[PDB]
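These notes concern the structure reproduced below.
The values are calculated or read from the model by the stated rules, or taken from the named source; nothing here is a laboratory result. Heads up, the Cβs are rebuilt from the backbone with ideal geometry, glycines too, and the neighbour counts pull from every protein chain shown.
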Amino acid sequence: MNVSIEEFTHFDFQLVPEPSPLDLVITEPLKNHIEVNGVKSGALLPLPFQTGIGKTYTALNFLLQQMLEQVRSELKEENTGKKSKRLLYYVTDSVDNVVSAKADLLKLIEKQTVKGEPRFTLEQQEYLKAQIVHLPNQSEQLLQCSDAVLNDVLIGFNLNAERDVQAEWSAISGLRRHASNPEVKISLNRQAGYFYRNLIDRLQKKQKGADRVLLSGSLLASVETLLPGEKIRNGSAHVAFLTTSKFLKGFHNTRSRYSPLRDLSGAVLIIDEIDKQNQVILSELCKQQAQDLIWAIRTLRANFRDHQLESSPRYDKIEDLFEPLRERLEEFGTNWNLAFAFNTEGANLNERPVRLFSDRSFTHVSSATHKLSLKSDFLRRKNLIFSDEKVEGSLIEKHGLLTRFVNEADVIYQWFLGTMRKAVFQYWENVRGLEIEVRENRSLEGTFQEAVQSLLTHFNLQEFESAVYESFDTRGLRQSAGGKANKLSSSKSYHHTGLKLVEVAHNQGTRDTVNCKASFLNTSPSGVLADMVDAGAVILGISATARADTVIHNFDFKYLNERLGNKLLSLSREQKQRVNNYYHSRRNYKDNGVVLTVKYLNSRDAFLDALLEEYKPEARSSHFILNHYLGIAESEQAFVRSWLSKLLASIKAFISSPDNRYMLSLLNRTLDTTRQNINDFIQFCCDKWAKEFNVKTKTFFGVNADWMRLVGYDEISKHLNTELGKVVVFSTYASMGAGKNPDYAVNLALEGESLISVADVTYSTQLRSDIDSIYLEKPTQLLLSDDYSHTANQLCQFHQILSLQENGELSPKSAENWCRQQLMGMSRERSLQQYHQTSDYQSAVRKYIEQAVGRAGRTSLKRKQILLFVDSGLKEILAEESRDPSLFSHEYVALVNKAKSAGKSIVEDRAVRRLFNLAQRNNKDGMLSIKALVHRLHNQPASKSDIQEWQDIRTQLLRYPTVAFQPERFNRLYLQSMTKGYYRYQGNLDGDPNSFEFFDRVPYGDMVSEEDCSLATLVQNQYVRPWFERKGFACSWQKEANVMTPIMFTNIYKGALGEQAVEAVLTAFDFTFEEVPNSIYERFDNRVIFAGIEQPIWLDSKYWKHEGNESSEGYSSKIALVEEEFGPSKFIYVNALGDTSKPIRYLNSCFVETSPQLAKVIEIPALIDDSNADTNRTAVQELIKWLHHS
DNA sequence: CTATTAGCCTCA
């Protein structure tokens, strides 16, 4: 063997095969994106290819070209530069597809001709083939080695000294030797897995430090054979084939486990059937474990209280990012007094658990009759959760709720889980360049497990290693993006926020205790894909329905377009036309006389009754016949009659047609031994109809994936090409997802003359035909379900409901009602009924029909006639398709055209409903967020972040009141309106948020526009306009379809618009303004100082003459607090745009006029006239005079 | 107080 890299010197890198029209479509947008964006950037190419035209071949050609380019590039640099190789992947969901793709790639490597001459020599082929690895699961991995290989590994490492390992190997080898029956293979697989778990563990244990066994010669080859992932690390190979489940786990090498998700720079991924990966990623997310919310609190509070005294090298600036966590923990623990245990006070009220659910933004649903509160009792020394007094009023509780405690515990846990990523990132930052203690090169992936293990070690929290690994990376990838906070100043969405679920059931072990379980979902598959693209990976997805219009059975492409932007590449019209021309050229139906017939059939009762009476003539009634001989009950009569009649009519219609040989009837249930009576009835009918004509028919029942893997699909192939007749196959929609390629060999002797080829050019390979008659039934339940545990199904259902609400297919009222009904127990029937009223159902049904139709037919030998039978319930759904028919299959368009001819149909646009629902949701979220922020601002001391948030919101609303383009950062402050610049609404901003009406539905409601806020009259002032120009505020409203929500037009805009006006007017007459000293924030406008006078004057401003229900003790409390904290002082109450003809009242602490000398509050009616835009010098003159000795 | 079920890969 002389396989070396240097061999490729004498080989021309200029001859290429003929570029197909399907090839430039992949290379051109990539080049455009490279020249527009940077060299190191991500992308996403949803390629809508079609079955039977070639999708795997093009991807394999692309992979081969990339490998050749890498090999070419590696030779040039040689010595002047050393780095790693590019990584390339091929990921799917099925093992058979993986092995078939690898075999096809290898075969393509062997055989390839340019101008009738082999492209590569034998040594070149060997070198290329020595670069691809395949990584199956561990248990199957152990069953491909040999005795000599594993013996060599054991002897080289000096492991043939313990009797246990050798005994286990001998037992496994013997059991493998004698293993033919199907009930011992499971034990063999389990034993192989458990042996592989310990072996690689020992190999890593020995060599992760001293006494490193050198690898060379044949021992290196043996270790590489046993560990395919070892070849990648050293640099031997840089191409991998694996499944999606393995991709999210990683593969082992001699040092540790390498996770592909954690190092994706300069990598290329190829995923086929990309739309189906949504459910796989959802299952992987939902398979997570739960966690009791009070055991970890105790462990974290007790084991982190005090530590030892040892800094040591390596560690540097790790404790600095942990002190705030302890500060928060102590503050949280010294409020509820969590040291005490938990109990409940109720008179036999623990039969059933109180579930608690939350969305973390604006949705909160509980299944308790009355709200529960938490209290601390100093008598019994225990914390209790109780409903307290049931009497009306009597000092109703307002301190807090259990939901608040749950949310606080959850946010504490999330913050703890999140700080470790930054700590480890800083640790690798100092290690890499700031330490250089050991010469190892490597990246974050190399020194990852050691750091987390050591830290779990330093603070000893080992029982948390599994909890922290799931959500560990360099930065994010599983939690939020951008601002990394759930605030109004950052982009908000469900796809990177998640949900929460908490249950309170009875606690066993100790009867006088309660438990609090929790399940989490930190992200959604769309967010995961977005993070993968952002990290710097080029993703290329191949599928035929990659851009479906559903969020249950597909990715949410509306969210990806608002986060990626220019990195989501799309094709133009010319490229689609070229693809369309290629597909017609390769499959031409407007020639050779190929025709399709489509027929919708209904249900009949005389037909079935006559057939039943002919079946058993000894009986008197059909009801007795069905109740006695068949297994159906009294309830199941109409449904069985309908579907059986439809199937029998379709079968009879097919049998009547002479020139046909194949039939596949897609159904929704499997026809097995459980339905033997119905099978016998169908067989009798088939025999009768075969006798009526002159044909021989053979029927196949119970065709499952198990039947495919036990008997095989080749039985039909032999039966079709040896004996003349007709074949009928019974199967299911889901069954034809694991068994592919339903073809068979042809025979010109047995077949007639109707085998016309459809391709316009000569066709290579063998001769094969496909199905020429199919029966389609209306699909049933399309709500995803999980059968792993009890919590996974509930998590899936809540995720589906939240996604449906977020997309815009559900109003907040309907979503809340559905969540409440599901939380407290629901049946599948009610869930399906609720789901049937949306617009996603029709899209899902249409996608299912298109996928089912497309998979039938992969050859060029089509019969003269093809018959299609469709259920009568699909007419309305298939009659409402209005996309463009450019990439449609030749049979789906026929269905649409036939269904559309049934009269004229009224179609209601989804847009109007989407805009209405989104406006409602935005208004509700704004209301709740503003209320929460205002409540937070009133708890002294006020945080710095809250003040920054408030100021940024006010400044953004002042500067830009109408944005032309869709905002990205300040997202949920605007709503899209049909009219530009103004809109109408109707609601009360004191009650139920989901009771608002918008736009055309109310023509006599309140108005939000520029003419209502009185902007022009204010702007005309000569003392205010220069201020507005200096600060850059808007002097007029632009005309675009993005306006602020009604909540922001009344409680935010008016106040600022008045405040700046009064400040600008008053600042000229020797007045200065300051900021509130953080103690009474939001209770007053500014602080006023002038001429160095005692008792500093506070200012309060309002925009217009607003009367509110504030005559209660709120004003007295405010004035008392100000007087206590600052002594005697003076206060100014100012309005704007009123009447400059009303005198000035002198007020005491209350609003009753008193003596001018003994006065503290000034009520100034107005300063700027609303008629000619004048001002009021007399008012300010009297103001200045009043500040004197009086 | 309505609709009407089959398939899957990985590891503690």
Any chance you could count how many residues in region A:710-737 are within 16 Å of DNA strand B (Cβ to nearest atom) and out of contact with any strand residue (DSSP E or B) (no Cβ under 8 Å at 6 or more places or on another chain)? 7
Going through region A:299-315 one residue at a time, which ones are basic (K, R) and over 25 Å from A:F448 (Cα atoms)? A:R301, A:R305
How many residues, within region A:88-98, are within 11 Å of DNA strand B (Cβ to nearest atom) and either surrounded by 19 or more Cβ atoms within 10 Å (Cβ to Cβ) or hydrophobic (A, V, I, L, M, F, W, C) (or both)? 4
Hey, any hits in region A:105-128 for a residue that's in contact (Cβ under 8 Å) with a residue 40 or more places away in the chain, within 14 Å of DNA strand B (Cβ to nearest atom), aliphatic (A, V, I, L, M) and over 30 Å from A:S173 (Cα atoms)? no
Filter region A:293-325 down to the residues that are under 34 Å from the mean Cα position of the chain (by Cα), touching a residue at least 60 places away in the same chain (Cβ under 8 Å) and not in a helix (DSSP H, G or I) and list them by number. A:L293, A:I294, A:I318, A:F322
So, restricting to helices (runs of 4 or more DSSP H) that lie completely within region A:975-1079, which ones have at least 2 residues that are over 38 Å from the mean Cα position of the chain (by Cα)? A:1010-1013, A:1015-1019, A:1025-1031, A:1053-1066
Please determine whether any residue of region A:641-664 is within 16 Å of DNA strand B (Cβ to nearest atom) and surrounded by fewer than 13 Cβ atoms within 10 Å (Cβ to Cβ). no
If A:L135 satisfies every condition in (1) in contact with a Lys or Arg (Cβ under 8 Å, 6 or more places away or on another chain); (2) more than 16 Å from DNA strand B (Cβ to nearest atom) but one, which is the exception? (2)
In region A:665-678, anything away from DNA strand B (no atom under 14 Å from the Cβ), in contact (Cβ under 8 Å) with a residue 12 or more places away in the chain and over 38 Å from the mean Cα position of the chain (by Cα) is listed as A:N677
In region A:791-810, is there at least one residue being surrounded by fewer than 16 Cβ atoms within 10 Å (Cβ to Cβ) and within 18 Å of A:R360 (Cα to Cα)? no
Scanning for something outside any loop (DSSP other than H, G, I, E, B) and under 24 Å from A:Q1022 (Cβ atoms), does region A:1092-1100 turn up at least one residue? yes
For region A:455-473, which residues satisfy the criterion of being over 27 Å from the mean Cα position of the chain (by Cα), touching a residue at least 40 places away in the same chain (Cβ under 8 Å) and not in a loop (DSSP other than H, G, I, E, B)? A:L455, A:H458, A:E463
Being more than 38 Å from the chain's Cα centre (by Cα) and not in a strand (DSSP E or B) is the filter; apply it to region A:349-386 and report the residue that is surrounded by the most Cβ atoms within 10 Å (Cβ to Cβ). A:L349
I need the full set of residues from region A:126-148 which are within 38 Å of the chain's Cα centre (by Cα) and among the hydroxyl-bearing types (S, T, Y), in order please. A:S139
Only one of (1) surrounded by fewer than 18 Cβ atoms within 10 Å (Cβ to Cβ); (2) within 15 Å of DNA strand B (Cβ to nearest atom) does not apply to A:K864, and that is (2)
When region A:691-709 is examined, which residues are found to be in a helix (DSSP H, G or I) and within 16 Å of DNA strand B (Cβ to nearest atom)? A:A705, A:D706, A:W707, A:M708, A:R709
What are the pairs, 6+ residues apart or on separate chains, where a residue within region A:634-650 that is over 24 Å from A:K688 (Cα atoms) has its Cβ under 9 Å from a residue that is away from DNA strand B (no atom under 13 Å from the Cβ) and aromatic (F, W, Y)? none
The residue that is surrounded by the fewest Cβ atoms within 10 Å (Cβ to Cβ), considering only those in region A:747-781 that are within 16 Å of DNA strand B (Cβ to nearest atom) and assigned to a loop (DSSP other than H, G, I, E, B), is A:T780
For region A:495-600, list the helices (runs of 4 or more DSSP H) that sit wholly inside it and hold at least 1 residues that are touching an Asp or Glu at 6+ places or on another chain (Cβ under 8 Å) and of a type in the set (D, E); which are they? A:557-563
Filter region A:138-168 down to the residues that are of a type in the set (A, V, I, L, M) and within 16 Å of DNA strand B (Cβ to nearest atom), then identify the one that is surrounded by the fewest Cβ atoms within 10 Å (Cβ to Cβ). A:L143
Give me a count of the residues in region A:173-224 that are touching a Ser or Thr at 6+ places or on another chain (Cβ under 9 Å) and either of a type in the set (V, I, T) or away from DNA strand B (no atom under 16 Å from the Cβ) (or both). 7
Within region A:430-455, can you find the residues that are surrounded by 17 or more Cβ atoms within 10 Å (Cβ to Cβ) and under 13 Å from A:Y315 (Cα atoms)? A:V431, A:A451, A:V452, A:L455
Six or more apart or on different chains, Cβ under 9 Å: which pairs go from a residue in region A:148-162 that's in the same structural domain as A:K206 (by TED's automatic domain parsing) and free of Cβ contacts under 8 Å to residues at least 40 places away in the same chain to one that's surrounded by 14 or more Cβ atoms within 10 Å (Cβ to Cβ) and among the acidic types (D, E)? Could you list them? none
Reported set for region A:580-611 where residues are surrounded by 12 or more Cβ atoms within 10 Å (Cβ to Cβ), without any contact (Cβ under 8 Å) to a residue 40 or more places away in the chain and closer than 29 Å to A:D659 by Cα is A:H584, A:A610
Among the candidates A:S905, A:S901, A:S929, which residue alone is of a type in the set (S, T, N, Q) and either touching a residue at least 60 places away in the same chain (Cβ under 8 Å) or more than 30 Å from A:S642 (Cα to Cα) (or both)? A:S929
Quick test of your reading of the structure: A:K740 fulfils all but one of (1) outside any loop (DSSP other than H, G, I, E, B); (2) within 16 Å of DNA strand B (Cβ to nearest atom). Name the failing condition by number. (1)
Looking at A:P21, is it in contact (Cβ under 8 Å) with a residue 24 or more places away in the chain, in contact with a helix residue (DSSP H, G or I) (Cβ under 7 Å, 6 or more places away or on another chain) and either of a type in the set (A, V, I, L, M) or under 26 Å from A:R586 (Cβ atoms) (or both)? yes
Neighbours by Cβ (under 9 Å, 6+ apart or cross-chain): first from region A:830-843, farther than 15 Å from A:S814 by Cβ; second near DNA strand B (Cβ under 10 Å from one of its atoms) and hydrophobic (A, V, I, L, M, F, W, C): A:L832/A:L782; A:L832/A:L783
